[PDB]
Amino acid sequence: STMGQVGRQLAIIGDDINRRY
Amino acid sequence: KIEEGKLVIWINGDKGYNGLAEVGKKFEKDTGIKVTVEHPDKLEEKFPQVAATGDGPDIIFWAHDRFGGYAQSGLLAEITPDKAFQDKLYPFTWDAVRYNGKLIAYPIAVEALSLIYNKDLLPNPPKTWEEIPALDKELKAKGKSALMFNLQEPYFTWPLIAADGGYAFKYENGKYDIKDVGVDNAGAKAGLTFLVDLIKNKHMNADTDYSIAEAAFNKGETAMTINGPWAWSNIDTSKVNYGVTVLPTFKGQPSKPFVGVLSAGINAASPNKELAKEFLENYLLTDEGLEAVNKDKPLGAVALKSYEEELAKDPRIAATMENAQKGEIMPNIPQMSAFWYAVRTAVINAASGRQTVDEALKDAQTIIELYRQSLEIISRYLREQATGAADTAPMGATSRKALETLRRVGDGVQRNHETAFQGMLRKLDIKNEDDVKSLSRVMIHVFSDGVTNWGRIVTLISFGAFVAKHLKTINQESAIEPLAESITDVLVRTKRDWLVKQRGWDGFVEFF
Amino acid sequence: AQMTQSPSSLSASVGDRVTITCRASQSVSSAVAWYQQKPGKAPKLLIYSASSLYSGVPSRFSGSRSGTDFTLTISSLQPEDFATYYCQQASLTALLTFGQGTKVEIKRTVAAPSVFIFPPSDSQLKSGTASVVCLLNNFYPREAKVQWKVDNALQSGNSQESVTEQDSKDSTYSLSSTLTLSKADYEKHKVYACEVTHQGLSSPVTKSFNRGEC
Amino acid sequence: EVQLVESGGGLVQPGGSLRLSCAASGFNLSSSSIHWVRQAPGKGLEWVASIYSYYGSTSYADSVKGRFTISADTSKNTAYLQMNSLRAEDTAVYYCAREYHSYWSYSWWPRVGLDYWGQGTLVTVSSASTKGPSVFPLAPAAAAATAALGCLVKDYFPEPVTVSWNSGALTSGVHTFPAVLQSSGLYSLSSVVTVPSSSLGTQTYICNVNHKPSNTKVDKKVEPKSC
Ligand SMILES: OC[C@H]1O[C@H](O[C@H]2[C@H](O)[C@@H](O)[C@@H](O)O[C@@H]2CO)[C@H](O)[C@@H](O)[C@@H]1O
């Protein structure tokens with residue numbers, strides 16, 4: 001489901017913003 | 001979405017729900033409005049979720065144990081019983097059910113556990129727990145087992161934990177200290193150590209649950225078990241000559257069960273509040289109304305004073321609230337809910353042998369200071385972000401640091417993202433309270449990717465603040481209440497290990 | 001809420017059991033406590049919860065329970081324990097009910113009383129009142145029936161008695177029964193007497209006085 | 001430690017009004033249950049009134065329902081039992097007793113025993129007026145080897161009346177039968193001493209009735225009658 005993909009992108013953005021912070 | 005004109009009640013499965021149905025039929029006969037009684041699985045957890053959305057039963061039955069949290073969150077509606085009625089119940093029952101000085105539910109009956117033994121196998125019950133091994137071994141020769149009770153629910157095993165020492169919340173100068181938990185002191189350590197020693201001595205099995213133990217005793221397999229009034233009917237029909245007595249004394253001290261008070265609360269979202277009041281006062285909490293539900297499944301020591309005379313002809317009630325007299329009334333503070341969950345885990349964790357006794361107790365005590373800390377942190381922020389005016393109510397120091405750091409970081413990430421949060425809110429189609437209730441699904445999917453980080457959860461709290469703001473814009477407002485709680489559960493249910501690993505919120509503030 | 005104490009008063013020596021029972025009627029709260037009261041003192045709390053003993057009390061006391069009964073037992077009685085013992089119940093409602101209390105007193109060899117009868121002094125007679133007092137000394141046990149016989153007629157109505165408790169070095173009792181009557185009635189009655197029946201006395205003991213002689 | 005003393009116990013008239021004030025020290029008054037118990041002279045303990053709830057709920061015995069009002073004062077830590085329409089039978093020694101269990105939440109349960117008690121404050125409810133005792137001798141008339149010499153004290157009020165013998169020098173064989181209330185509301189102590197009969201006229205024997213409230217001092221001589 002696309003909603004699984006939006007959760008996946010939640011994960012991606014959280015990881016990225018943690019990397020730069 | 002509670003329908004108007006029909007009464008809906010929730011009563012736990014191991015209760016006289018047939019008697020409740022009988023009184024409901026009487027009500028329908030007299031007043032002329034349909035009555036329905038259900039026993040949903042773990043209703044004590046179902047009710048808050050459904051009522052938060054505006055649906056649910058028009059009445060909820062449960063021990064006073066957790067009704068305080070219901071009232072505090074607003075799910076229950078304050079009852080207004082006349083002074084004459086307030087005189088109709090035991091003063092200590094009222095004091096137990098009363099919260100913040102206001103009555104939040106109608107007490108039904110005070111109940112506590114007892115040691116029920118089989119007279120046939122065991123002519124005299126052991127006066128202390130230390131005799132259980134011996135008897136066990138003896139009965140192991142004849143192929144029986146001495147003691148077998150429910151180890152799954154912390155309620156049944158607690159009386160032993162609290163025998164020597166141990167307490168839920170330290171009372172002080174008229175109020176509790178939620179930062180003081182007695183589930184890690186020496187008394188609880190000793191009690192649960194004796195229990196795990198019983199388990200690993202083969203005298204008991206960890207997997208034993210309520211139904212297994214009840215059936216075993218009914219068939220006559222086991223000499224003793226620990227249970228409350230509701231079980232007695234099942235014992236009666238099995239034709240196993242039984243006696244009920246005070247719990248064995250531990251280390252010279254009595255075992256103190258957490259005395260409970262089965263009480264009925266009226267749903268806040270229910271438009272039929274007066275209907276529930278009529279059902280409880282006039283119909284349920286009467287001599288015949290309580291007598292029926294007792295004959296179905298004995299509730300225990302009834303709250304009504306008039307019926308207590310009939311409550312005296314039966315020695316089982318005397319033994320039960322003798323155990324109670326050794327014990328104390330369950331506090332109604334909302335934390336208690338979480339507290340129970342805490343101890344539950346430990347009770348299993350040590351019983352199965354996964355975690356050492358002290359380890360399990362320490363985990364359960366950190367659950368008391370993890371759950372409430374997180375719930376408070378989410379509170380006053382989600383509401384602050386929605387309304388926009390910081391709540392001035394007092395927090396501790398860690399609470400204030402977490403509030404400030406959450407403010408800065410969450411607002412920063414909200415500003416940075418903006419469009420992503422907006423689009424995702426649109427894609428969720430959050431319009432009613434049911435949508436925020438189902439938000440638990442995205443809650444679980446957020447952490448389902450298999451990796452964990454502080455950034456993930458802080459972004460989650462930011463999205464929650466955005467959702468609360470938009471709920472205020474779409475005027476749900478009340479949806480601000482459960483969403484915060486929805487986070488807390490998933491934090492204590494699926495992330496407890498990481499939270500304790502990172503020193504709770506202290507590591508959160510340090511990382512930010 | 002009624003609590004019945006038993007026995008009314010038991011006799012014991014040093015080192016016995018002499019248990020004390022309390023029965024709760026139509027009440028099934030198990031919150032019962034036992035207190036000890038020495039003469040002219042504030043009662044001390046021996047045990048509470050019907051089983052647990054108040055800290056600071058010697059272990060000789062035990063709060064046994066028998067369902068609808070609550071019993072207080074002393075493993076080995078001691079001289080200090082000689083006092084009154086009360087049992088009270090704090091029902092699960094808002095109430096407190098105290099028992100009738102029972103007394104514990106020294107067990108010694110039975111001793112018969114010494115009976116002296118004093119008629120009214122002339123000063124009282126001229127005052128306008130008659131008070132004849134019969135006195136039993138150094139007897140055991142407390143139970144001692146005292147009656148007034150006047151001119152072959154019993155008069156047990158207007159009599160009031162006071163008993164001196166355990167004496168010193170002998171653990172016996174004293175009793176003074178006073179019969180108060182108007183002067184004229186005393187004058188018109190010639191012979192007065194106090195009759196005492198007691199364990200020590202195998203037969204009733206009469207001590208009599210006559211008006212206007214001797 | 002915990003010391004609680006109550007005052008206010010004095011003399012009142014039938015149907016009168018009085019209030020007993022129990023001050024406490026060593027513990028907060030409002031943090032524990034407070035029970036006013038009363039023990040009549042020569043009678044068992046009797047429970048009068050109770051503050052038992054964390055919210056100040058009050059309970060009373062049937063005999064003192066409404067008539068007696070229990071109250072607390074957290075500022076002064078002094079409990080009060082305000083009485084009205086006091087009757088004669090209300091006279092007793094009133095003990096202000098405490099009860100407290102370390103494990104007591106907003107709901108106070110289980111009920112534990114009265115851990116601490118005050119010194120008691122006798123309250124007398126009668127219409128009698130204070131006056132000195134009346135003393136009437138009791139001269140033996142010789143009885144066996146040992147005879148009894150006494151002096152009855154009658155119609156005295158209020159308590160106590162202390163009687164000695166030979167200025168207190170004679171302390172052997174003394175017996176003071178405690179005063180018993182008469183139908184007139186006046187007390188009557190009695191005093192008697194046993195002594196060898198042969199010492200009738202050889203030894204003087206007097207009693208020294210003392211009534212402090214009435215400031216009365218009556219010394220009397222007891223000698224055998226002509227019989
Ligand atoms: O096991 C945790 C559980 O304990 C208590 O629930 C009891 C209840 O009080 C009894 O009336 C009876 O129904 O059994 C229950 C245990 O299965 C707490 O009241 C409850 O909150 C808690 O979850």
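Please verify whether B:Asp363 is over 30 Å from D:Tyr54 (Cβ atoms), more than 16 Å from the ligand (Cβ to nearest atom) and in the same structural domain as B:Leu89 (by TED's automatic domain parsing), treating the condition exactly as stated. So B:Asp363 does not fit the description; no.
Scanning the stretch B:78-100 turns up at least one residue that is over 17 Å from the mean Cα position of the chain (by Cα) and within 16 Å of the ligand (Cβ to nearest atom). Selection over the stretch D:34-46 of residues that are surrounded by fewer than 22 Cβ atoms within 10 Å (Cβ to Cβ) and in a strand (DSSP E or B) gives a count of 2.
Which of the residues spanning the stretch C:143-162 are crowded, with 16+ Cβ neighbours inside 10 Å and closer than 19 Å to C:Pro113 by Cα? The answer is C:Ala144, C:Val146, C:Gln147, C:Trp148, C:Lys149, C:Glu161, C:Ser162.
Any residue at all in the stretch D:74-96 that's surrounded by 21 or more Cβ atoms within 10 Å (Cβ to Cβ), away from chain C (no Cβ under 12 Å) and charged (D, E, K, R)? Yes, the stretch D:74-96 contains at least one residue that is surrounded by 21 or more Cβ atoms within 10 Å (Cβ to Cβ), away from chain C (no Cβ under 12 Å) and charged (D, E, K, R). Within the set B:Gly182, B:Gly166, the sole residue that is within 14 Å of chain D (Cβ to nearest Cβ), in a loop (DSSP other than H, G, I, E, B) and within 16 Å of the ligand (Cβ to nearest atom) turns out to be B:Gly166.
Residues of the stretch B:156-190 that are buried (at least 22 other Cβ atoms within 10 Å of the Cβ) and closer than 10 Å to B:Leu361 by Cβ: B:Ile161, B:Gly166, B:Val181, B:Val183, B:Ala188. Of the residues making up the stretch D:155-176, those that are within 17 Å of D:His211 (Cβ to Cβ) and either part of a loop (DSSP other than H, G, I, E, B) or within 12 Å of chain C (Cβ to nearest Cβ) (or both) are D:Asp155, D:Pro158, D:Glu159, D:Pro160, D:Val163, D:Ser164, D:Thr176. The residue of the stretch B:55-74 that is surrounded by the fewest Cβ atoms within 10 Å (Cβ to Cβ), among those that are within 15 Å of the ligand (Cβ to nearest atom) and not in a helix (DSSP H, G or I), is B:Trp62.
In the stretch B:6-14, is there at least one residue being part of a loop (DSSP other than H, G, I, E, B), within 15 Å of the ligand (Cβ to nearest atom) and among the polar types (S, T, N, Q)?
First, the residues of the stretch B:6-14 that are part of a loop (DSSP other than H, G, I, E, B): B:6, B:11-14.
This time we only want the ones that are within 15 Å of the ligand (Cβ to nearest atom), so: B:11-14.
Filter again for among the polar types (S, T, N, Q), leaving B:12.
So far as the stretch B:6-14 goes, yes, one or more of its residues are part of a loop (DSSP other than H, G, I, E, B), within 15 Å of the ligand (Cβ to nearest atom) and among the polar types (S, T, N, Q).
Looking only at the stretch B:143-163, decide whether some residue is part of a loop (DSSP other than H, G, I, E, B), more than 16 Å from the ligand (Cβ to nearest atom), more than 13 Å from chain D (Cβ to nearest Cβ) and over 28 Å from B:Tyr341 (Cα atoms). So far as the stretch B:143-163 goes, yes, one or more of its residues are part of a loop (DSSP other than H, G, I, E, B), more than 16 Å from the ligand (Cβ to nearest atom), more than 13 Å from chain D (Cβ to nearest Cβ) and over 28 Å from B:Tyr341 (Cα atoms). When restricted to residues that are assigned to a strand (DSSP E or B) and more than 7 Å from chain D (Cβ to nearest Cβ), the stretch C:116-136 contains 5.
Table: residues versus (1) away from the ligand (no atom under 16 Å from the Cβ); (2) more than 14 Å from chain C (Cβ to nearest Cβ).
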| site | (1), (2) |
| --- | --- |
| B:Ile212 | no, yes |
| B:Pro229 | no, no |
| B:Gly243 | yes, no |
| B:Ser263 | no, yes |
| B:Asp296 | no, yes |
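Of the residues making up the stretch B:340-367, those that are in contact with a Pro (Cβ under 9 Å, 6 or more places away or on another chain) and under 27 Å from B:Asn100 (Cβ atoms) number 6. Can you name the residue in the stretch B:339-356 that is more than 10 Å from the ligand (Cβ to nearest atom) and surrounded by fewer than 21 Cβ atoms within 10 Å (Cβ to Cβ) and, of all such residues, is nearest to B:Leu75 (Cα to Cα)? In this case the residue turns out to be B:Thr345.
Scanning the stretch B:33-54 for residues that are within 16 Å of the ligand (Cβ to nearest atom), closer than 24 Å to B:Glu477 by Cα, touching a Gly at 6+ places or on another chain (Cβ under 7 Å) and in the same structural domain as B:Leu275 (by TED's automatic domain parsing) turns up at least one hit. Evaluating C:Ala50 against the criteria (1) surrounded by fewer than 20 Cβ atoms within 10 Å (Cβ to Cβ); (2) of a type in the set (A, V, I, L, M, F, W, C); (3) within 14 Å of D:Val112 (Cβ to Cβ) leaves one unmet condition, (1).
I need the strands (runs of 3 or more DSSP E) fully contained in the stretch C:38-102, keeping only those with at least 3 residues that are facing chain D (nearest Cβ under 9 Å) and of a type in the set (A, V, I, L, M, F, W, C). Lay out the reasoning, then the answer.
On the way: elements: C:44-48, C:61-66, C:69-74, C:84-89.
Qualifying strands (runs of 3 or more DSSP E): C:44-48.
Taking the stretch B:322-337 as the range and being more than 10 Å from the ligand (Cβ to nearest atom) and touching a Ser or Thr at 6+ places or on another chain (Cβ under 9 Å) as the test, the residues that pass are B:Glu322, B:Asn323, B:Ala324, B:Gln325, B:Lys326, B:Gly327, B:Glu328, B:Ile329, B:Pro331, B:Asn332, B:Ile333, B:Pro334.
Listed here are the residues, each with its yes/no results for (1) of a type in the set (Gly, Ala, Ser); (2) assigned by TED's automatic domain parsing to the domain that holds D:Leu181; (3) touching a helix residue (DSSP H, G or I) at 6+ places or on another chain (Cβ under 6 Å).
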{"site": "D:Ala24", "(1), (2), (3)": "yes, no, no"}
{"site": "D:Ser33", "(1), (2), (3)": "yes, no, no"}
{"site": "D:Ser50", "(1), (2), (3)": "yes, no, no"}
{"site": "D:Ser85", "(1), (2), (3)": "yes, no, no"}
{"site": "D:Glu89", "(1), (2), (3)": "no, no, no"}
{"site": "D:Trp104", "(1), (2), (3)": "no, no, no"}
{"site": "D:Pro110", "(1), (2), (3)": "no, no, yes"}
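What is reported rests on the model, the rules as stated and the sources as named; these are not laboratory values. All Cβ positions, even for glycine, are placed from backbone atoms using ideal geometry, and neighbour counts span all protein chains on display.
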